[PDB]
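Working notes for the structure below.
Don't worry about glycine lacking a Cβ; one is built from the backbone with ideal geometry, like all the others, and counts go over all protein chains shown. We did not get these values from a lab; they are worked out from the coordinates using the rules stated.
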Amino acid sequence: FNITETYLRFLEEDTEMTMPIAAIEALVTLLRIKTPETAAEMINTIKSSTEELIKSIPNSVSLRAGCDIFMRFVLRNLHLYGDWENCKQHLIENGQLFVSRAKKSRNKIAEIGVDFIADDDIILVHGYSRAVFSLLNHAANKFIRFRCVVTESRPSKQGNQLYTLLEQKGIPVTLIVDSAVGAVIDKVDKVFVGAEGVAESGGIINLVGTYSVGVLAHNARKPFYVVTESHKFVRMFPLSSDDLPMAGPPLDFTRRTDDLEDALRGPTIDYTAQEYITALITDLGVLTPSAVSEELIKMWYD
Amino acid sequence: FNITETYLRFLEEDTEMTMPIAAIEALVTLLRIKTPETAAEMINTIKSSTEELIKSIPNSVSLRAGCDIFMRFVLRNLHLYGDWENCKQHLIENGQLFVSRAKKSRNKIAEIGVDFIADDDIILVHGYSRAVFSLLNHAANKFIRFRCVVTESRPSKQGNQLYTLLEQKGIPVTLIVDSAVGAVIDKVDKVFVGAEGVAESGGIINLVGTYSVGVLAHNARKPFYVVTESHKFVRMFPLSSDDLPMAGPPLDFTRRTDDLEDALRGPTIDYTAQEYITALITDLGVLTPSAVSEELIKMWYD
Amino acid sequence: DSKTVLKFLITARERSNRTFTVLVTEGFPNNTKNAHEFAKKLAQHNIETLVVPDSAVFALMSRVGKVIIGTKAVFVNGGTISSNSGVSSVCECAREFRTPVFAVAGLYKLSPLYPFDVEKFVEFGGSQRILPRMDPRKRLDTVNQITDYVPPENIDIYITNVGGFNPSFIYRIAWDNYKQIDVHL
Amino acid sequence: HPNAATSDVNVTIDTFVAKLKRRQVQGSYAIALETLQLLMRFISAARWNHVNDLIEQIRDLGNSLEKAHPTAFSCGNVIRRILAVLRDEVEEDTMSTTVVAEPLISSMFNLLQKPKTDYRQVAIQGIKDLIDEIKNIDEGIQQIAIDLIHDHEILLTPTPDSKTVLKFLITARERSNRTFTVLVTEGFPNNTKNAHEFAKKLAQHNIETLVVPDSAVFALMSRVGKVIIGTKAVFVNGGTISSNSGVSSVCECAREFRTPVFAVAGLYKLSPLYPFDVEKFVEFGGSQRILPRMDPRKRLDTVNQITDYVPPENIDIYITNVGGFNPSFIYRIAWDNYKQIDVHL
């Protein structure tokens, strides 16, 4: 039946439902076919499937986070000690239900937690997340004199795409280079971030250039923020300042080649420390200070 | 007798002598026409030529620096207060003499500058200056354990060009994006940056990013470097965090668009302070503490 | 200003063998009288008094050991709103010179609302107690605020009835007596 | 260039070399004195006729000395100073022989354009001048020194190895109305005994000494006020070579704490060449002094060093016999004592 196939199914469209939610839905669909009453035929198979998915990954992180969350939910479910049928039914219901919830969470984020750009506080943004864009688009109907600043995105010109999404709302924008990132920290108020995950350490698992940005923010004391829908607390620890579960090579010193070939293995993923989140915007209340870690503890009861 | 034409001369050719050298030569040639004897005829004309050059100038201050240096030299010349012919002859001589000098300066550099290489210490080269490349290429003649690291620069694909010149001599490398360079804290041992201008406080004008690099170096305590010959000296000191004469744009929040026309707008050229740099590279013996300001004092006296 | 902070100080001073000297900033707009009163109270008990101008903290900070506040409102990400005048700059100075910052706190005094902008929570003050006469006010523009906000980047402990807690942690404390539902009423 | 010419004309070269290699020579001052004496001997005896050739000879000698020993900087410095002394006089002479304008004392533009006498006595006098300079640094420092530190403040003291530092401390301690508490770090495999001696001296001097294990710096830093380096040599971009062990870490700590770092030295200690490396300059001790045993101690490859290098950044002031200078400024002081062509022999 496959989760991989389901994942493939959505690509051209998307741009609405959270990825981690689609994956969860797929998992649920996979489950509700082969009898979810028994725990011997099922949980192990689910785990195997997850492993397979992990193996098959090109360059995607949050899947694991999603699946572990799902597992946790499942575990939580069968503590009521009543019967096998009702609980199973509830579990089955809770896949589509979870997907439905994501939209509500997004709504909550974009109507309560959008008071971080109000007094024309110019926004230096990097990391394309849906939530960040959703909040920005929802704040365009209030006309609170907002202004956008874009540091260029170069995995393969996502920057262009981003600038094309801000042209539908009609708002003055500007191209920024991440070498002249020391140059302009002046008129721009704060630095806001989209990402790929939040760590057990606290810091952010992100993209093509982030640690430098963080450093600069620290230097300037103009606060550094991360904005997302909350379900990216993967069981991972970046213990070093140049280590994570990485898809590509970590700085591959290529051999003495000839005609401009092996070069562009430029780090498309980077991370900065725990003493960098001035605030983190999440749908489970606006909570940050040691919140992720607390949540993890609550989950694993340790 | 024209200077703009001369300037437009060297462009795709080069690869022999420093640009600011050709301009200086041109200036000298112009000088030996309207007589250095008649000070009313000559100095005014020189000034006019300089103004013309300025008018024709896009993204530079180095030509200006060169011509003012030349003027200063000329002024110094007449201090023998005797016969008005010998001095003139000397002035005439001193243009191709300047050109000749560069070679000698380079030679001087390739012996004192090769004292620096430490056992297994990875080098990163910023900007496009001939001198830095020469020093790096001259260090391979003594077969010293080292390494080179390229950065993805964006003016007219400079980084790519740089990485294309290091493959000619056969030298293993890896490519680093300007955003991604944050993670570079220990593995590259020493941070080198080439200078298109050095003025009063040992502050530097180059390309699409220097200040950020400097900041990063300061954060990691890794040593930061300024690498050139000796002709790039002006009487300058900037006002804000960064300030320069600009033919390009200083932060254009570009007007409403939907089809792509004009948006490529931000700080193309960047300055760095005094505190960030630990070592200065010139042919002027070995100096970096405060030889720039003192040099200027010696020259101008004003 | 408070009766709490004063009492705390008094309790410490009772053990007079414990050696501590008190520097007190006057607090320009409103705190002045209150500061004076505090000083008087200290004198009453026999506690060593040093009266401080607000401009002069950079000249004192390198000699300052420990700093105690007596705030009005405690917040989410760690910061506070204190009962008026001269706290932001002080905190900045402390951060620069690296100084320990105590704060007398209470959980009922602690608020679960998050402060996100200077543009709202900071409460401004009256020009009435600055300069008499109103004809010079036609051209010039007097700027003054009563109660001030602190970023958490600076303070380090909150000495409560429960215990001293970390600013990048106090949210948990609040939640051990408050909710996420009772926020936007 | 070998010792082929220098035989029954000058002998003591070999002795100097011996003193350098096996370390019968001890302390930079003594080395400097030795070098001065050598120079005197050279002058009283050698045969000239010319001047440029003599200069060349001197350069060669200097080079040879450097090749014999690098860590002795004072030796080099004094030679350089004497060369500079000679050079100015030579320049003066040339002007009379031939028979000029400059905005200040020296020029960049005079290097671009085309530019028998009693110099020996002047050379002799130069050496004497140098000797005199060497004689007293402290008697030109304690006027810029018993100024910085105050009452109820706290000092932190690494490197009690430079004889100058101790003297400086004691001059400050002299005053009957000034009071300060002194924290002293040990420095283990190269400095312990010296540190102990210093502590003893402090105790004798009737002042509040505090003995510190090299670990326990962090448990006291809240109260710390000042930082003093016991340097041996000083260089181009400001920085210093130090009289061994337990200075770098403490300096770093101070920098982190932003607690002021002072440098006390001298201009005979001042050198006219860049420390492009620490490796080529700073030398290492003896692995034997840490641990006993030998056959299990082929496995126990232990690392320990004598001298210490500190980057220009952490240190802020260099109070001299001349006066207070800065890491940004000290280069010009060097230039004021040794000339432009004398940098490279």
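Annotation: C:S82 fulfils all but one of (1) in contact with a strand residue (DSSP E or B) (Cβ under 8 Å, 6 or more places away or on another chain); (2) surrounded by fewer than 17 Cβ atoms within 10 Å (Cβ to Cβ); the unmet one is (2).
Scan segment D:296-316 for residues that are of a type in the set (A, V, I, L, M, F, W, C) and away from every other protein chain (no Cβ under 14 Å) and jot them down. Residues satisfying the conditions are D:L300, D:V303, D:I306.
Conditions tested, residue by residue: (1) touching an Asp or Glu at 6+ places or on another chain (Cβ under 8 Å); (2) away from chain B (no Cβ under 14 Å).
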position: A:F192; (1), (2): no, yes
position: A:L207; (1), (2): yes, no
position: A:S230; (1), (2): yes, yes
position: A:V234; (1), (2): yes, yes
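Within segment C:133-150, residues that are at positive phi reach no partner that is surrounded by 10 or more Cβ atoms within 10 Å (Cβ to Cβ) and of a type outside the set (S, T, N, Q) with beta carbons closer than 8 Å at six or more positions or on different chains. In the set A:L280, A:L264, which member is over 20 Å from A:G194 (Cβ atoms), among the hydrophobic types (A, V, I, L, M, F, W, C) and either away from chain B (no Cβ under 14 Å) or part of a loop (DSSP other than H, G, I, E, B) (or both)? Every option except A:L264 fails the conditions. Restricting to segment B:267-276, name every residue that is part of a loop (DSSP other than H, G, I, E, B), surrounded by 18 or more Cβ atoms within 10 Å (Cβ to Cβ) and of a type outside the set (A, V, I, L, M). Those that are part of a loop (DSSP other than H, G, I, E, B), surrounded by 18 or more Cβ atoms within 10 Å (Cβ to Cβ) and of a type outside the set (A, V, I, L, M): B:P267, B:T268, B:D270, B:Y276.
Would you say B:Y225 is under 28 Å from A:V184 (Cβ atoms) and within 14 Å of chain D (Cβ to nearest Cβ)? It is true that B:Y225 is under 28 Å from A:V184 (Cβ atoms) and within 14 Å of chain D (Cβ to nearest Cβ). Quick check: is even one residue across segment B:179-186 more than 21 Å from B:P223 (Cβ to Cβ) and in contact with a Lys or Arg (Cβ under 8 Å, 6 or more places away or on another chain)? Yes: segment B:179-186 contains one or more residues that are more than 21 Å from B:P223 (Cβ to Cβ) and in contact with a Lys or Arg (Cβ under 8 Å, 6 or more places away or on another chain).
Scan segment A:21-74 residue by residue and report those that are part of a helix (DSSP H, G or I), of a type in the set (D, E, K, R), within 27 Å of A:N86 (Cβ to Cβ) and in contact with a helix residue (DSSP H, G or I) (Cβ under 7 Å, 6 or more places away or on another chain). Of everything in segment A:21-74, those that are part of a helix (DSSP H, G or I), of a type in the set (D, E, K, R), within 27 Å of A:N86 (Cβ to Cβ) and in contact with a helix residue (DSSP H, G or I) (Cβ under 7 Å, 6 or more places away or on another chain) turn out to be A:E25, A:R72. Filtered by the rule that a residue be closer than 19 Å to B:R9 by Cα, outside any loop (DSSP other than H, G, I, E, B) and within 13 Å of another protein chain (Cβ to nearest Cβ), segment B:75-98 gives a lone residue, B:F98. Can you tell me which residue within segment A:172-199, out of those that are farther than 19 Å from A:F224 by Cα and touching a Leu at 6+ places or on another chain (Cβ under 9 Å), is surrounded by the fewest Cβ atoms within 10 Å (Cβ to Cβ)? The extreme case among them is A:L175. Among all residues of segment C:111-130, there is at least one that is within 22 Å of C:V57 (Cβ to Cβ), assigned to a loop (DSSP other than H, G, I, E, B), within 14 Å of chain A (Cβ to nearest Cβ) and touching a strand residue (DSSP E or B) at 6+ places or on another chain (Cβ under 6 Å). Kindly provide the set of residues from segment B:136-152 that are crowded, with 16+ Cβ neighbours inside 10 Å and either touching a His at 6+ places or on another chain (Cβ under 7 Å) or farther than 26 Å from A:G266 by Cα (or both), ordered by number. B:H138, B:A139, B:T151, listed by residue number. Anything in segment C:131-177 that is within 14 Å of chain A (Cβ to nearest Cβ), in a loop (DSSP other than H, G, I, E, B) and either under 24 Å from the mean Cα position of the chain (by Cα) or among the β-branched types (V, I, T) (or both)? List them, or say none. Those that are within 14 Å of chain A (Cβ to nearest Cβ), in a loop (DSSP other than H, G, I, E, B) and either under 24 Å from the mean Cα position of the chain (by Cα) or among the β-branched types (V, I, T) (or both): C:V150, C:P151, C:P152, C:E153, C:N154, C:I155, C:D156, C:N166, C:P167, C:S168, C:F169.
Matching residues to (1) closer than 17 Å to D:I79 by Cα; (2) out of contact with any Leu (no Cβ under 7 Å at 6 or more places or on another chain):
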site	(1), (2)
D:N3	no, yes
D:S7	no, yes
D:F16	yes, no
D:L20	yes, yes
D:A30	yes, yes
D:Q37	yes, yes
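Any residue in segment D:182-196 that's small (G, A, S): show its pairings with residues that are assigned to a helix (DSSP H, G or I) at Cβ separation under 8 Å, as long as the two are six or more apart or on different chains. Listed pairs, sorted by first residue: D:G187/D:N194; D:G187/D:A195.
Residue check: B:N160 meets all listed conditions (1) of a type outside the set (A, V, I, L, M, F, W, C); (2) under 19 Å from the mean Cα position of the chain (by Cα); (3) within 12 Å of chain A (Cβ to nearest Cβ) but one, namely (2).
Applying the selection to segment B:200-240, what residues are among the β-branched types (V, I, T) and either surrounded by fewer than 24 Cβ atoms within 10 Å (Cβ to Cβ) or farther than 17 Å from B:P289 by Cα (or both)? Even if it seems obvious, please write down each step before you answer.
Within segment B:200-240, the subset among the β-branched types (V, I, T) is B:204-205, B:208, B:210, B:213, B:215, B:226-228, B:234.
Scanning segment B:200-240 gives B:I205, B:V208, B:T210, B:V213, B:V215, B:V234.
The conditions of being surrounded by fewer than 16 Cβ atoms within 10 Å (Cβ to Cβ) and farther than 25 Å from A:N219 by Cβ are not met by B:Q158.
In summary, A:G285 fulfils each of the numbered conditions (1) buried (at least 22 other Cβ atoms within 10 Å of the Cβ); (2) in contact with a helix residue (DSSP H, G or I) (Cβ under 9 Å, 6 or more places away or on another chain); (3) more than 14 Å from chain B (Cβ to nearest Cβ) with the single exception of condition (1). Summed over segment B:43-99, the residues that are under 20 Å from the mean Cα position of the chain (by Cα) and farther than 17 Å from D:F109 by Cβ give a count of 14. Considering (1) touching a helix residue (DSSP H, G or I) at 6+ places or on another chain (Cβ under 8 Å); (2) within 14 Å of chain D (Cβ to nearest Cβ), the lone condition that B:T272 does not fulfil carries the number (2). Given the structure, is D:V310 within 23 Å of the chain's Cα centre (by Cα) and either among the hydrophobic types (A, V, I, L, M, F, W, C) or surrounded by 19 or more Cβ atoms within 10 Å (Cβ to Cβ) (or both)? Yes; evaluated as a whole, the condition is true for this residue.
Restricting to segment D:78-126, give me the number of residues that are of a type in the set (S, T, N, Q) and under 22 Å from D:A45 (Cα atoms).
Within segment D:78-126, residues that are of a type in the set (S, T, N, Q) and under 22 Å from D:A45 (Cα atoms) number 3.
Note on segment D:97-148: residues that are of a type in the set (K, R) and under 22 Å from D:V165 (Cβ atoms) amount to 1.
Considering only segment A:242-257, I want to know if a residue exists there that is at the interface with another protein chain (Cβ under 8 Å from one of its Cβ atoms) and buried (at least 22 other Cβ atoms within 10 Å of the Cβ). Looking through segment A:242-257, none of the residues is at the interface with another protein chain (Cβ under 8 Å from one of its Cβ atoms) and buried (at least 22 other Cβ atoms within 10 Å of the Cβ). Considered as a group, the residues in segment C:96-151 that are in contact with a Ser or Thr (Cβ under 8 Å, 6 or more places away or on another chain) and acidic (D, E) include one that is surrounded by the fewest Cβ atoms within 10 Å (Cβ to Cβ), and that residue is C:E123.
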